[PDB]
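Q: Starting off with a structure, shown below.
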Amino acid sequence: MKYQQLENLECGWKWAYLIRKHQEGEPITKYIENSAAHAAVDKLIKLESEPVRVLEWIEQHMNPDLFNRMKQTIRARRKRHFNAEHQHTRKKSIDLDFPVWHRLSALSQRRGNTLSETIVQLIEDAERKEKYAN
Amino acid sequence: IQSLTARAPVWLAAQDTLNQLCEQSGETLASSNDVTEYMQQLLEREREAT
Amino acid sequence: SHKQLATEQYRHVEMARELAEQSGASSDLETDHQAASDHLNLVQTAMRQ
Amino acid sequence: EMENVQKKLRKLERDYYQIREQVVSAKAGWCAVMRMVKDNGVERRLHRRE
Amino acid sequence: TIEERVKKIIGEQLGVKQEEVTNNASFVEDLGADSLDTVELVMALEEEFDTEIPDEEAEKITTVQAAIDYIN
DNA sequence: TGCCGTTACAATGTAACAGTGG
DNA sequence: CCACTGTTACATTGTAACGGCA
Ligand SMILES: *P(=O)(O)OCC(C)(C)[C@@H](O)C(=O)NCCC(=O)NCCS
């Protein structure tokens, strides 16, 4: 356990995620009958502003197949929330043309390094080549 | 330094509470005895106003 | 540590310089000793004759 | 042997560099919040020094 | 000109505007920046110019003008 | 194993720059 | 000039797959 978990924050995250999924059409609840599903969704909607009861709501009506996805989404949300405080711990997202990405991933898989490590090593070698020439 | 640091938070909270309490009053407190006379004046004002 | 390392580098430079001086002295001594060996051989030959 | 220590110094230098950007960014962010909170918020309300 | 760096950073580090700082005044007492604030200011100046300033030289920047005097 | 950090993506939304033709 | 288009460099959120560890 590296990042401390805060209930009033992660519960709001879970509520927002479930509301988003419901608005997206995902079946939040395990009830195939539409009446029970709608009733549970209404309970959730009126359940806003409550961690201790949204957790119970999840335990009681949550769709079995979404547990893993919700858990990993909350994991990622927690990690990003804690890393977004400092500049050096943040992550920069870019888009690479498919050939360039293909070659870079080929190198990374070949050497066992990650994309960041592979690019760092390559840049260091480029600098070393510059110094060699210079 | 560590002993003073351990003592610190209690003293700081005490100072803040005392400052708030005194500023709420028109007077500024400076001694335990002074707090006692303030209590006596409070009792006098209470027994009058009642 | 930066100042300490720079100063140690300067000390290193000084010792390297003095050992270069000793290397030059060694070369000069080598020439002189070549001459000395030549002299020894000449004296040996003269004694034999 | 000393060239390794020089490389370690370079590592420490980059770490110092990083800490320095962190600190300067923190102060840049702080500036504005001080400026706004000087509307009596910071006097005693927010600054719970305890 | 290049001084726009200093006269900018100073403000960004002290909450004052570009014209607020006066060359005759002193950071330590005439700008409200305490020891920690002045350390932060000098270290931000160091960061901005990608250079280094030892403690001894750094301590002689208590006045507004010095911030450019060592720079230019 | 199940949780928890971590990586490498995918999909969509925006700001900024460079071009192109009316 | 001006508008509309193409492109790059991000952000934001979600997900699956590894690998560490109780
Ligand atoms: P002041 O009450 O703002 O406190 C300043 C400070 C003691 C926290 C510190 O920032 C400071 O000004 N230190 C003086 C310089 C110093 O100690 N340098 C050490 C270099 S290893």
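Just remember, in the structure tokens the first chain shown is A, the second B, etc., residues are 1-based per chain, and ligands are 1-based in the order shown.
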Using only C-alpha atoms (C1' of nucleotides) and all ligand atoms, which protein or nucleic acid residues are at most 6 Å from ligand 1, as a ChimeraX atom specification?

A: /E:34-36,39

Q: Keeping only N, CA, C and O atoms, write the selected residues to a file as a PDB file, in the first residue's frame.

A:
```
ATOM      1  N   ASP E  34      10.631  37.705   4.138  1.00  0.00           N
ATOM      2  CA  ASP E  34      11.455  37.320   5.274  1.00  0.00           C
ATOM      3  C   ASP E  34      12.621  36.466   4.782  1.00  0.00           C
ATOM      4  O   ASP E  34      12.881  36.352   3.581  1.00  0.00           O
ATOM      5  N   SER E  35      13.334  35.842   5.720  1.00  0.00           N
ATOM      6  CA  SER E  35      14.488  35.027   5.356  1.00  0.00           C
ATOM      7  C   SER E  35      14.099  33.943   4.359  1.00  0.00           C
ATOM      8  O   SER E  35      14.735  33.787   3.310  1.00  0.00           O
ATOM      9  N   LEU E  36      13.051  33.179   4.673  1.00  0.00           N
ATOM     10  CA  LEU E  36      12.628  32.104   3.783  1.00  0.00           C
ATOM     11  C   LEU E  36      12.220  32.654   2.423  1.00  0.00           C
ATOM     12  O   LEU E  36      12.566  32.084   1.381  1.00  0.00           O
ATOM     13  N   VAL E  39      15.303  33.603   0.465  1.00  0.00           N
ATOM     14  CA  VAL E  39      15.952  32.392  -0.029  1.00  0.00           C
ATOM     15  C   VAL E  39      15.224  31.875  -1.262  1.00  0.00           C
ATOM     16  O   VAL E  39      15.843  31.515  -2.271  1.00  0.00           O
TER      17      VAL E  39
END
```

Q: Return as a Markdown table the residues of chain C lying at most 8 Å from chain D, together with the closest atom-to-atom pair for each and the distance in Å to one decimal, counting only C-alpha atoms, with rows in chain order and ascending residue number.

A:
```
| residue | atom | partner | partner_atom | distance |
| --- | --- | --- | --- | --- |
| C:1 | CA | D:9 | CA | 7.4 |
| C:2 | CA | D:9 | CA | 6.7 |
| C:5 | CA | D:6 | CA | 7.1 |
```

Q: Tell me which protein, DNA and RNA residues are within 12 Å of residue 40 of chain E, counting only C-alpha atoms (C1' of nucleotides), leaving out same-chain ones fewer than 5 positions away, and put them as a VMD selection string.

A: (chain D and resid 19 to 28 30 to 31) or (chain E and resid 9 to 10 12 to 14 27 33 to 35 45 to 47 58)

Q: Enumerate as a list in words the residues belonging to chain B that approach chain D to within 8 Å, with only C-alpha atoms taken into account.

A: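 Taken together, these residues fit the definition: residues 9, 10, 12 and 13 of chain B.
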
Q: Residue 6 of chain G: which residues within 12 Å, counting only C-alpha atoms (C1' of nucleotides), same-chain residues fewer than 4 positions away excluded, as a list in words?

A: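 Contacts, with the query itself left out: residues 17, 18, 19 and 20 of chain F.
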
Q: So how far away is atom CA of residue 30 of chain A from atom CA of residue 62 of chain A, in Å?

A: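 Separation of atom CA of residue 62 of chain A and atom CA of residue 30 of chain A: 6.1 Å.
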
Q: Determine, counting only C-alpha atoms (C1' of nucleotides), which protein, DNA and RNA residues have an atom within 12 Å of an atom of residue 14 of chain F; residues of the same chain fewer than 5 positions away are not included. Present the result as a ChimeraX atom specification.

A: /G:8-12

Q: Take atom CA of residue 64 of chain E and atom CA of residue 22 of chain E and report the distance between them in Å, one decimal.

A: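 We find that atom CA of residue 64 of chain E and atom CA of residue 22 of chain E lie 6.6 Å from each other.
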
Q: Residue 2 of chain F: which residues within 12 Å, counting only C-alpha atoms (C1' of nucleotides), same-chain residues fewer than 2 positions away excluded, as a VMD selection string?

A: (chain A and resid 68 71) or (chain F and resid 4) or (chain G and resid 21 to 22)

Q: Write the residues of the selection above to a file with N, CA, C and O atoms (P, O5', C5', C4', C3', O3' and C1' of nucleotides), as a CSV table (one decimal), in the first residue's frame.

A:
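The resulting file, selection.csv, is reproduced below:
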```
chain,number,residue,atom,x,y,z
A,68,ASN,N,-14.4,-5.7,-11.3
A,68,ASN,CA,-12.9,-5.5,-11.6
A,68,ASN,C,-12.7,-4.2,-12.3
A,68,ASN,O,-11.7,-3.5,-12.0
A,71,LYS,N,-12.8,-1.4,-9.9
A,71,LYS,CA,-11.6,-1.4,-9.0
A,71,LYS,C,-10.4,-0.9,-9.6
A,71,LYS,O,-9.7,-0.1,-9.1
F,4,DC,P,-6.4,-2.2,-2.3
F,4,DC,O5',-4.8,-1.8,-2.1
F,4,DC,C5',-3.8,-2.8,-2.4
F,4,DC,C4',-2.7,-2.2,-3.2
F,4,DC,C3',-3.0,-0.8,-3.9
F,4,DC,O3',-2.0,0.1,-3.8
F,4,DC,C1',-2.3,-2.4,-5.5
G,21,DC,P,8.1,-7.3,-3.3
G,21,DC,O5',6.7,-7.5,-2.5
G,21,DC,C5',5.9,-6.4,-2.1
G,21,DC,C4',4.7,-6.9,-1.3
G,21,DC,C3',5.0,-8.1,-0.3
G,21,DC,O3',4.3,-7.9,0.9
G,21,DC,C1',3.3,-8.7,-1.8
G,22,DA,P,4.7,-8.8,2.2
G,22,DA,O5',3.3,-9.0,2.9
G,22,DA,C5',2.4,-7.9,3.2
G,22,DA,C4',1.0,-8.4,3.5
G,22,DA,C3',0.9,-9.6,4.5
G,22,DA,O3',-0.3,-9.5,5.3
G,22,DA,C1',0.3,-10.4,2.4
```

Q: Neighbouring residues of residue 19 of chain E were defined as those with any atom within 12 Å, considering only C-alpha atoms (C1' of nucleotides); residues of the same chain fewer than 2 positions away were excluded. Please report them as a count of residues only.

A: 12

Q: Could you list the residues in chain A lying within 12 Å of chain D, using only C-alpha atoms, and format the result as a count of residues only?

A: 5
